[PDB]
């Protein structure tokens, strides 16, 4: 229906898919960048979106914030709900770094709790997510 303005929005950016992956989280209302991940040399769009949501969860928990997280990624939202990132990216020395981060993000989800609602950004109705690149 309507945007929950008191929220954190995340977004992935990439150069290639697979290719260089980065992500950031922003205040949905103001656009203020709240966190930005150093670019990861090789990963997929969906791994980046997954890592972005999990980082937002950890960021909000550490700050005792009950704000929801918006993501436009059907895939990543489901991976977080499942606590399992079902990526097809091969595992090799080239992809070790992103797979390490993804493996660690799943481990974190399996060892911590949170009530943070994870919400679908309705691009069709609201336009591009505010964390856009």
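Positions refer to the first chain, counted from 1.
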Going by the B-factors listed in the PDB entry, is the mean over the C-alpha atoms higher for 93-101 or for 74-82? 93-101
Averaging the C-alpha B factors as listed in the entry, name the stretch that ends up higher: 3-11 or 122-130. 122-130
Maximum C-alpha temperature factor, selected from 32, 49, 107, 62: 32
Looking at the entry's B-factor column for C-alpha atoms only, identify whether residue 16 ranks in the lowest, middle or highest third of its chain. highest
Relative to the other modelled residues of the same chain, rank the CA B-factor of residue 44 and answer lowest, middle or highest third. middle
